[PDB]
(Lines of atoms letter the chains of each structure in order from A and count residues from 1; the text may use other names and numbers.)
(Lines give C-alpha, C1' and ligand atoms only; values in the text may rest on other atoms or scores of the structure.)
Protein backbone atom coordinates (compact mmCIF):
# COMPACT_ATOMS: atom_id res chain seq x y z
CA UNK A 1 0.00 0.00 0.00
CA UNK A 2 3.10 2.22 0.20
CA UNK A 3 3.85 1.88 -3.51
CA UNK A 4 2.03 4.16 -5.92
CA UNK A 5 2.22 4.26 -9.70
CA UNK A 6 2.32 7.70 -11.31
CA UNK A 7 2.65 8.76 -14.94
CA UNK A 8 6.42 8.82 -14.44
CA UNK A 9 6.93 5.63 -12.46
CA UNK A 10 6.36 3.95 -9.09
CA UNK A 11 7.02 5.68 -5.77
CA UNK A 12 7.56 4.08 -2.36
CA UNK A 13 6.22 6.04 0.58
CA UNK A 14 6.16 5.33 4.32
CA UNK A 15 3.76 5.02 7.26
CA UNK A 16 3.55 7.86 9.76
CA UNK A 17 1.09 8.53 12.58
CA UNK A 18 -1.48 6.37 10.83
CA UNK A 19 -1.27 8.21 7.52
CA UNK A 20 0.83 7.70 4.41
CA UNK A 21 3.50 10.08 3.20
CA UNK A 22 5.61 10.37 0.06
CA UNK A 23 8.54 12.77 0.30
CA UNK A 24 10.77 14.31 -2.33
CA UNK A 25 8.78 13.60 -5.47
CA UNK A 26 10.28 15.37 -8.51
CA UNK A 27 7.55 17.28 -10.35
CA UNK A 28 9.85 18.80 -12.95
CA UNK A 29 13.30 18.18 -14.39
CA UNK A 30 16.09 19.75 -12.29
CA UNK A 31 16.62 23.34 -13.53
CA UNK A 32 20.42 23.05 -13.43
CA UNK A 33 23.10 23.64 -16.03
CA UNK A 34 21.59 24.58 -19.38
CA UNK A 35 18.12 24.54 -17.78
CA UNK A 36 18.87 27.38 -15.35
CA UNK A 37 16.53 30.37 -15.77
CA UNK A 38 14.23 28.40 -18.07
CA UNK A 39 10.58 27.41 -17.46
CA UNK A 40 10.11 24.04 -15.69
CA UNK A 41 10.03 20.91 -17.84
CA UNK A 42 8.25 17.59 -17.19
CA UNK A 43 10.39 15.20 -15.12
CA UNK A 44 11.88 12.12 -16.77
CA UNK A 45 10.08 8.83 -16.17
CA UNK A 46 11.99 6.06 -14.37
CA UNK A 47 11.97 2.28 -14.08
CA UNK A 48 11.48 0.40 -10.84
CA UNK A 49 10.19 1.81 -7.57
CA UNK A 50 11.73 5.17 -6.68
CA UNK A 51 12.21 5.79 -2.97
CA UNK A 52 10.09 8.65 -1.64
CA UNK A 53 10.94 8.31 2.04
CA UNK A 54 13.21 11.34 2.35
CA UNK A 55 12.71 15.03 1.61
CA UNK A 56 14.52 16.40 -1.41
CA UNK A 57 16.92 19.30 -1.00
CA UNK A 58 15.38 22.79 -0.71
CA UNK A 59 15.93 25.36 -3.49
CA UNK A 60 18.89 27.74 -3.39
CA UNK A 61 18.53 30.18 -0.51
CA UNK A 62 20.63 31.58 2.34
CA UNK A 63 21.48 28.68 4.66
CA UNK A 64 18.73 18.04 6.28
CA UNK A 65 20.83 18.30 3.11
CA UNK A 66 22.23 21.52 1.63
CA UNK A 67 20.19 23.95 -0.52
CA UNK A 68 20.44 23.14 -4.23
CA UNK A 69 19.25 24.41 -7.63
CA UNK A 70 17.93 20.87 -7.90
CA UNK A 71 15.05 21.39 -5.51
CA UNK A 72 11.80 21.10 -7.50
CA UNK A 73 10.13 18.49 -5.31
CA UNK A 74 6.73 18.04 -3.70
CA UNK A 75 5.45 15.96 -0.76
CA UNK A 76 2.13 14.17 -0.23
CA UNK A 77 0.20 13.08 2.86
CA UNK A 78 -2.86 10.84 2.51
CA UNK A 79 -4.99 8.54 4.69
CA UNK A 80 -4.55 5.91 1.97
CA UNK A 81 -3.58 5.56 -1.67
CA UNK A 82 -6.88 4.35 -3.14
CA UNK A 83 -9.77 5.75 -5.15
CA UNK A 84 -11.83 7.59 -2.53
CA UNK A 85 -11.50 10.98 -4.29
CA UNK A 86 -10.63 12.99 -1.20
CA UNK A 87 -10.34 16.79 -1.18
CA UNK A 88 -6.79 17.93 -1.98
CA UNK A 89 -5.11 20.80 -0.11
CA UNK A 90 -2.19 22.22 -2.14
CA UNK A 91 0.13 24.33 0.08
CA UNK A 92 2.39 27.11 -1.18
CA UNK A 93 4.81 28.28 1.54
CA UNK A 94 5.76 31.88 2.20
CA UNK A 95 9.13 33.44 2.91
CA UNK A 96 9.12 36.64 0.84
CA UNK A 97 10.05 34.67 -2.30
CA UNK A 98 13.50 34.42 -0.72
CA UNK A 99 13.51 31.37 1.54
CA UNK A 100 11.47 28.44 2.81
CA UNK A 101 10.40 25.00 1.63
CA UNK A 102 7.45 22.65 1.55
CA UNK A 103 9.45 20.19 3.65
CA UNK A 104 9.60 22.51 6.67
CA UNK A 105 8.11 20.74 9.73
CA UNK A 106 5.57 23.49 10.34
CA UNK A 107 3.77 22.48 7.12
CA UNK A 108 3.64 18.77 7.99
CA UNK A 109 0.38 17.48 6.53
CA UNK A 110 -0.26 14.66 8.98
CA UNK A 111 -2.90 16.50 11.05
CA UNK A 112 -4.95 17.73 8.07
CA UNK A 113 -4.89 14.24 6.53
CA UNK A 114 -5.76 12.51 9.80
CA UNK A 115 -8.41 14.96 11.01
CA UNK A 116 -10.15 15.77 7.75
CA UNK A 117 -9.55 12.67 5.64
CA UNK A 118 -7.98 14.85 2.95
CA UNK A 119 -4.84 14.63 0.85
CA UNK A 120 -2.17 17.25 1.50
CA UNK A 121 0.49 18.42 -0.93
CA UNK A 122 3.34 20.79 -0.09
CA UNK A 123 5.86 22.04 -2.64
CA UNK A 124 9.17 23.76 -3.28
CA UNK A 125 9.44 26.38 -6.02
CA UNK A 126 12.41 28.41 -7.26
CA UNK A 127 13.07 31.57 -5.25
CA UNK A 128 15.18 34.71 -5.01
CA UNK A 129 17.67 35.05 -7.89
CA UNK A 130 16.90 31.64 -9.38
CA UNK A 131 13.14 32.05 -9.52
CA UNK A 132 12.59 35.81 -9.81
CA UNK A 133 15.50 37.36 -11.69
CA UNK A 134 13.77 39.55 -14.26
CA UNK A 135 16.04 39.47 -17.32
CA UNK A 136 13.55 40.81 -19.84
CA UNK A 137 15.11 40.52 -23.31
CA UNK A 138 18.65 41.31 -22.12
CA UNK A 139 19.80 37.73 -22.69
CA UNK A 140 17.43 36.71 -25.45
CA UNK A 141 13.81 35.59 -25.78
CA UNK A 142 14.60 32.26 -24.12
CA UNK A 143 14.89 34.08 -20.79
CA UNK A 144 11.94 36.47 -21.13
CA UNK A 145 10.05 34.56 -18.41
CA UNK A 146 12.89 34.45 -15.86
CA UNK A 147 11.21 37.07 -13.67
CA UNK A 148 8.38 34.65 -12.83
CA UNK A 149 9.98 31.20 -12.87
CA UNK A 150 8.89 30.62 -9.26
CA UNK A 151 5.27 31.03 -10.32
CA UNK A 152 5.77 28.73 -13.31
CA UNK A 153 7.23 26.09 -10.97
CA UNK A 154 4.11 26.33 -8.83
CA UNK A 155 1.94 25.81 -11.91
CA UNK A 156 4.08 22.85 -12.98
CA UNK A 157 3.58 21.31 -9.52
CA UNK A 158 -0.17 21.95 -9.74
CA UNK A 159 -0.30 20.21 -13.15
CA UNK A 160 1.57 17.25 -11.72
CA UNK A 161 -1.05 16.92 -8.98
CA UNK A 162 -3.99 17.37 -11.35
CA UNK A 163 -2.46 14.53 -13.40
CA UNK A 164 -1.33 12.15 -10.62
CA UNK A 165 -3.16 12.81 -7.33
CA UNK A 166 -5.91 10.24 -7.97
CA UNK A 167 -3.43 7.41 -7.33
CA UNK A 168 -2.72 8.89 -3.89
CA UNK A 169 -6.40 8.93 -2.94
CA UNK A 170 -7.11 12.51 -3.95
CA UNK A 171 -9.69 14.03 -6.27
CA UNK A 172 -8.08 16.08 -9.08
CA UNK A 173 -11.36 17.97 -9.49
CA UNK A 174 -11.42 19.15 -5.86
CA UNK A 175 -8.08 20.85 -5.29
CA UNK A 176 -7.94 23.85 -2.97
CA UNK A 177 -4.77 25.91 -3.21
CA UNK A 178 -3.70 27.87 -0.15
CA UNK A 179 -0.69 29.72 1.17
CA UNK A 180 0.43 32.38 3.62
CA UNK A 181 2.21 35.69 3.02
CA UNK A 182 4.34 35.31 -0.14
CA UNK A 183 2.54 31.98 -0.53
CA UNK A 184 -0.78 33.84 -0.42
CA UNK A 185 0.56 36.30 -2.99
CA UNK A 186 1.38 33.24 -5.10
CA UNK A 187 -2.21 32.00 -4.72
CA UNK A 188 -3.40 35.47 -5.69
CA UNK A 189 -1.27 35.35 -8.84
CA UNK A 190 -2.41 31.84 -9.78
CA UNK A 191 -6.04 32.91 -9.29
CA UNK A 192 -5.49 35.42 -12.09
CA UNK A 193 -3.37 33.22 -14.36
CA UNK A 194 -4.94 31.92 -17.60
CA UNK A 195 -2.40 29.06 -17.68
CA UNK A 196 -3.58 27.87 -14.24
CA UNK A 197 -7.31 28.23 -14.91
CA UNK A 198 -9.13 24.97 -14.28
CA UNK A 199 -6.22 23.47 -12.34
CA UNK A 200 -7.87 24.08 -8.97
CA UNK A 201 -11.39 24.50 -7.58
CA UNK A 202 -10.94 26.87 -4.62
CA UNK A 203 -8.29 29.06 -2.97
CA UNK A 204 -7.42 30.33 0.52
CA UNK A 205 -5.19 33.36 1.08
CA UNK A 206 -3.72 33.75 4.56
CA UNK A 207 -2.34 37.25 5.22
CA UNK A 208 -1.47 38.04 1.64
CA UNK A 209 -2.96 38.81 -1.77
CA UNK A 210 -1.87 39.11 -5.39
CA UNK A 211 -0.48 42.59 -4.69
CA UNK A 212 1.95 41.46 -1.97
CA UNK A 213 5.57 41.82 -3.17
CA UNK A 214 4.40 42.35 -6.76
CA UNK A 215 6.89 44.28 -8.91
CA UNK A 216 6.69 46.38 -12.08
CA UNK A 217 9.11 45.58 -14.95
CA UNK A 218 11.02 48.83 -14.40
CA UNK A 219 11.48 48.07 -10.70
CA UNK A 220 12.45 44.46 -11.37
CA UNK A 221 14.89 45.43 -14.12
CA UNK A 222 16.59 47.98 -11.83
CA UNK A 223 17.14 45.26 -9.22
CA UNK A 224 18.49 42.87 -11.84
CA UNK A 225 21.04 45.46 -12.97
CA UNK A 226 22.39 45.76 -9.42
CA UNK A 227 22.47 41.97 -8.98
CA UNK A 228 24.34 41.32 -12.25
CA UNK A 229 26.93 43.96 -11.31
CA UNK A 230 27.51 42.39 -7.88
CA UNK A 231 27.75 39.00 -9.58
CA UNK A 232 30.17 40.17 -12.25
CA UNK A 233 27.86 39.30 -15.14
CA UNK A 234 27.86 41.55 -18.20
CA UNK A 235 24.40 42.06 -19.75
CA UNK A 236 23.89 39.58 -22.57
CA UNK A 237 26.64 37.22 -21.39
CA UNK A 238 24.61 34.00 -21.37
CA UNK A 239 27.87 32.10 -20.85
CA UNK A 240 28.67 33.62 -17.46
CA UNK A 241 24.99 33.65 -16.51
CA UNK A 242 24.92 29.87 -16.83
CA UNK A 243 28.40 29.00 -15.54
CA UNK A 244 28.54 31.14 -12.41
CA UNK A 245 28.28 28.85 -9.35
CA UNK A 246 24.91 28.89 -7.62
CA UNK A 247 26.37 29.88 -4.25
CA UNK A 248 28.23 32.79 -5.80
CA UNK A 249 25.16 34.10 -7.62
CA UNK A 250 23.15 33.82 -4.39
CA UNK A 251 25.82 35.65 -2.37
CA UNK A 252 25.90 38.45 -4.94
CA UNK A 253 22.14 38.97 -4.69
CA UNK A 254 22.00 38.82 -0.88
CA UNK A 255 24.80 41.40 -0.61
CA UNK A 256 22.28 44.00 -1.76
CA UNK A 257 20.51 43.44 1.55
CA UNK A 258 16.77 43.73 2.42
CA UNK A 259 16.61 46.55 -0.13
CA UNK A 260 16.23 43.97 -2.87
CA UNK A 261 12.77 42.44 -2.62
CA UNK A 262 11.86 39.47 -4.79
CA UNK A 263 8.46 38.67 -6.16
CA UNK A 264 6.30 38.23 -9.29
CA UNK A 265 6.63 40.79 -12.07
CA UNK A 266 3.85 42.00 -14.36
CA UNK A 267 6.20 41.32 -17.26
CA UNK A 268 3.60 40.89 -19.98
CA UNK A 269 4.96 37.39 -20.59
CA UNK A 270 3.78 35.24 -17.67
CA UNK A 271 1.71 37.89 -15.87
CA UNK A 272 -0.14 39.94 -18.49
CA UNK A 273 -1.70 42.28 -15.91
CA UNK A 274 -2.03 43.06 -12.21
CA UNK A 275 -3.31 39.89 -10.46
CA UNK A 276 -6.15 41.71 -8.70
CA UNK A 277 -7.23 43.73 -11.76
CA UNK A 278 -7.57 40.45 -13.66
CA UNK A 279 -10.11 39.23 -11.09
CA UNK A 280 -12.27 42.23 -11.95
CA UNK A 281 -12.43 40.90 -15.50
CA UNK A 282 -13.62 37.48 -14.37
CA UNK A 283 -10.28 35.65 -14.47
CA UNK A 284 -11.48 33.67 -11.44
CA UNK A 285 -15.26 33.86 -11.66
CA UNK A 286 -16.70 30.72 -10.08
CA UNK A 287 -13.66 30.23 -7.77
CA UNK A 288 -14.64 30.44 -4.13
CA UNK A 289 -12.09 31.94 -1.75
CA UNK A 290 -11.40 32.13 1.90
CA UNK A 291 -9.19 35.11 2.70
CA UNK A 292 -8.00 36.95 5.77
CA UNK A 293 -5.37 38.91 7.63
CA UNK A 294 -3.35 38.87 10.84
CA UNK A 295 -4.30 41.83 13.07
CA UNK A 296 -1.76 44.69 12.94
CA UNK A 297 0.71 42.53 11.07
CA UNK A 298 3.22 45.22 10.16
CA UNK A 299 4.13 45.67 13.83
CA UNK A 300 5.81 42.30 13.45
CA UNK A 301 8.11 43.74 10.77
CA UNK A 302 9.82 45.96 13.37
CA UNK A 303 11.31 42.79 14.86
CA UNK A 304 13.30 42.23 11.67
CA UNK A 305 13.92 45.93 11.04
CA UNK A 306 14.00 47.92 14.33
CA UNK A 307 14.76 51.10 12.37
CA UNK A 308 11.03 51.88 12.24
CA UNK A 309 10.87 52.23 16.04
CA UNK A 310 13.70 54.77 16.05
CA UNK A 311 12.42 57.42 13.66
CA UNK A 312 10.82 60.74 14.53
CA UNK A 313 7.13 61.10 13.74
CA UNK A 314 7.82 63.33 10.73
CA UNK A 315 10.82 61.20 9.78
CA UNK A 316 8.75 58.03 10.20
CA UNK A 317 5.85 59.41 8.17
CA UNK A 318 8.16 60.34 5.31
CA UNK A 319 9.54 56.80 5.14
CA UNK A 320 5.99 55.44 4.98
CA UNK A 321 5.04 57.87 2.21
CA UNK A 322 8.15 56.84 0.31
CA UNK A 323 7.20 53.16 0.55
CA UNK A 324 3.40 53.07 0.33
CA UNK A 325 2.35 56.68 -0.18
CA UNK A 326 0.91 59.08 -0.98
CA UNK A 327 -1.15 59.08 2.22
CA UNK A 328 -4.21 61.39 2.15
CA UNK A 329 -4.84 63.70 5.11
CA UNK A 330 -8.24 62.09 5.69
CA UNK A 331 -6.36 58.87 6.42
CA UNK A 332 -3.86 60.50 8.79
CA UNK A 333 -6.68 62.00 10.86
CA UNK A 334 -8.27 58.54 11.14
CA UNK A 335 -5.11 56.99 12.56
CA UNK A 336 -4.65 59.83 15.06
CA UNK A 337 -8.22 59.31 16.26
CA UNK A 338 -7.82 55.55 16.77
CA UNK A 339 -4.33 55.66 18.28
CA UNK A 340 -3.81 53.93 21.63
CA UNK A 341 -2.84 56.33 24.47
CA UNK A 342 -0.51 53.75 26.04
CA UNK A 343 1.12 52.62 22.78
CA UNK A 344 4.30 54.24 21.39
CA UNK A 345 4.09 56.68 18.45
CA UNK A 346 5.40 54.38 15.71
CA UNK A 347 2.57 51.92 16.38
CA UNK A 348 0.04 54.58 15.41
CA UNK A 349 1.65 55.21 12.02
CA UNK A 350 2.78 51.68 11.19
CA UNK A 351 -0.93 50.99 10.90
CA UNK A 352 -0.67 52.71 7.50
CA UNK A 353 1.76 50.00 6.39
CA UNK A 354 -0.55 47.23 7.65
CA UNK A 355 -3.41 48.71 5.65
CA UNK A 356 -1.54 49.38 2.37
CA UNK A 357 0.44 46.16 2.30
CA UNK A 358 -2.19 43.72 3.62
CA UNK A 359 -5.72 45.00 4.17
CA UNK A 360 -6.31 46.89 0.92
CA UNK A 361 -5.13 43.94 -1.13
CA UNK A 362 -7.49 41.59 0.67
CA UNK A 363 -10.45 43.96 0.41
CA UNK A 364 -9.87 44.55 -3.31
CA UNK A 365 -9.60 40.79 -3.86
CA UNK A 366 -12.77 40.02 -1.90
CA UNK A 367 -14.75 42.81 -3.61
CA UNK A 368 -13.57 41.65 -7.03
CA UNK A 369 -14.55 38.03 -6.34
CA UNK A 370 -17.87 38.87 -4.72
CA UNK A 371 -18.72 41.12 -7.68
CA UNK A 372 -18.14 38.09 -9.91
CA UNK A 373 -20.74 36.22 -7.88
CA UNK A 374 -18.25 33.84 -6.25
CA UNK A 375 -18.50 32.96 -2.56
CA UNK A 376 -16.03 34.81 -0.35
CA UNK A 377 -15.30 34.15 3.32
CA UNK A 378 -13.23 36.84 5.04
CA UNK A 379 -11.52 36.72 8.44
CA UNK A 380 -9.27 38.67 10.79
CA UNK A 381 -6.95 36.69 13.10
CA UNK A 382 -6.75 38.51 16.46
CA UNK A 383 -5.25 35.88 18.75
CA UNK A 384 -2.05 37.19 20.32
CA UNK A 385 0.53 34.50 19.60
CA UNK A 386 4.26 34.62 20.53
CA UNK A 387 7.25 34.75 18.17
CA UNK A 388 14.42 35.95 12.16
CA UNK A 389 11.54 35.70 9.67
CA UNK A 390 10.84 37.57 6.42
CA UNK A 391 7.04 37.26 6.55
CA UNK A 392 4.92 37.49 9.70
CA UNK A 393 1.52 35.82 9.40
CA UNK A 394 0.37 34.24 12.68
CA UNK A 395 -2.44 31.82 11.72
CA UNK A 396 -0.28 28.92 10.47
CA UNK A 397 0.07 26.65 13.51
CA UNK A 398 -3.65 26.90 14.27
CA UNK A 399 -4.68 26.26 10.68
CA UNK A 400 -2.35 23.25 10.26
CA UNK A 401 -2.89 22.14 13.87
CA UNK A 402 0.88 21.84 14.12
CA UNK A 403 1.21 23.45 17.56
CA UNK A 404 3.55 20.64 18.63
CA UNK A 405 5.90 20.74 15.64
CA UNK A 406 9.39 22.13 16.41
CA UNK A 407 10.41 25.57 15.19
CA UNK A 408 6.87 26.70 15.95
CA UNK A 409 6.71 29.45 18.58
CA UNK A 410 5.66 26.81 21.10
CA UNK A 411 5.79 28.51 24.51
CA UNK A 412 4.21 27.73 27.89
CA UNK A 413 0.77 29.14 28.68
CA UNK A 414 -2.82 28.98 27.40
CA UNK A 415 -2.68 25.41 26.09
CA UNK A 416 -6.45 24.84 26.30
CA UNK A 417 -7.08 28.22 24.65
CA UNK A 418 -4.56 27.58 21.87
CA UNK A 419 -6.27 24.24 21.24
CA UNK A 420 -9.74 25.82 21.03
CA UNK A 421 -8.68 28.30 18.35
CA UNK A 422 -6.87 25.56 16.40
CA UNK A 423 -10.00 23.38 16.55
CA UNK A 424 -11.88 26.32 15.03
CA UNK A 425 -9.50 27.20 12.20
CA UNK A 426 -8.23 23.71 11.36
CA UNK A 427 -11.74 22.41 10.86
CA UNK A 428 -13.06 25.53 9.15
CA UNK A 429 -10.22 25.22 6.60
CA UNK A 430 -11.00 21.51 6.18
CA UNK A 431 -14.68 22.29 5.67
CA UNK A 432 -13.91 24.92 3.02
CA UNK A 433 -11.67 22.52 1.11
CA UNK A 434 -14.24 19.77 1.41
CA UNK A 435 -17.39 21.69 0.47
CA UNK A 436 -16.53 25.32 -0.20
CA UNK A 437 -18.11 26.40 3.09
CA UNK A 438 -16.15 26.81 6.37
CA UNK A 439 -19.28 26.57 8.54
CA UNK A 440 -20.11 23.95 11.15
CA UNK A 441 -20.39 23.38 14.90
CA UNK A 442 -16.62 23.94 15.19
CA UNK A 443 -17.41 27.67 15.07
CA UNK A 444 -19.06 29.49 18.02
CA UNK A 445 -21.39 31.24 15.56
CA UNK A 446 -22.11 31.15 11.84
CA UNK A 447 -19.56 32.62 9.43
CA UNK A 448 -21.60 34.60 6.86
CA UNK A 449 -20.32 34.87 3.31
CA UNK A 450 -18.77 38.23 2.41
CA UNK A 451 -21.20 40.41 0.42
CA UNK A 452 -20.96 44.07 -0.57
CA UNK A 453 -24.19 44.61 1.36
CA UNK A 454 -22.99 43.40 4.77
CA UNK A 455 -19.21 42.93 4.33
CA UNK A 456 -19.24 40.39 7.16
CA UNK A 457 -16.00 38.86 8.43
CA UNK A 458 -15.27 36.21 11.06
CA UNK A 459 -12.88 37.21 13.84
CA UNK A 460 -10.76 34.42 15.30
CA UNK A 461 -9.74 35.08 18.90
CA UNK A 462 -10.19 33.75 22.44
CA UNK A 463 -13.91 34.43 21.83
CA UNK A 464 -14.37 34.31 18.06
CA UNK A 465 -17.34 36.18 16.61
CA UNK A 466 -18.69 37.90 13.51
CA UNK A 467 -18.15 41.58 12.74
CA UNK A 468 -19.83 43.58 10.00
CA UNK A 469 -17.54 45.58 7.72
CA UNK A 470 -14.80 45.87 10.39
CA UNK A 471 -12.40 47.61 7.98
CA UNK A 472 -15.15 49.98 6.87
CA UNK A 473 -14.13 53.16 8.69
CA UNK A 474 -10.48 52.72 7.73
CA UNK A 475 -11.27 52.05 4.07
CA UNK A 476 -13.53 55.11 3.91
CA UNK A 477 -10.70 57.21 5.34
CA UNK A 478 -8.61 56.31 2.28
CA UNK A 479 -11.47 56.17 -0.22
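Positions refer to the first chain, counted from 1.
Counting the unmodelled positions of the deposited sequence between residue 63 and residue 64 gives a long gap of 10 or more residues. Going from residue 343 to residue 344, you skip over nothing: the modelled chain follows the deposited sequence without a break. For the pair 419-427 and 46-54, the mean B factor over Cα atoms is greater in 46-54. Higher mean CA temperature factor between 329-337 and 277-285: 329-337, per the PDB entry. Comparing C-alpha B-factors across 202, 86, 295, 310 in the deposited entry, the largest value falls on 310.
Between the residues 389, 126, 162, 215, the entry's highest C-alpha temperature factor is the one at 389. Among the modelled residues of the chain, residue 228 sits in the middle third by CA temperature factor in this PDB entry. Annotation for residue 243: CA B-factor lies in the middle third of the chain's modelled residues.
Residue 433: CA B factor lies in the lowest third for its chain, per the PDB record. Split the chain's modelled residues into thirds by C-alpha temperature factor. Residue 116 is in the middle one. Looking at the C-alpha B-factors along this chain, the one for residue 24 belongs to the lowest third.
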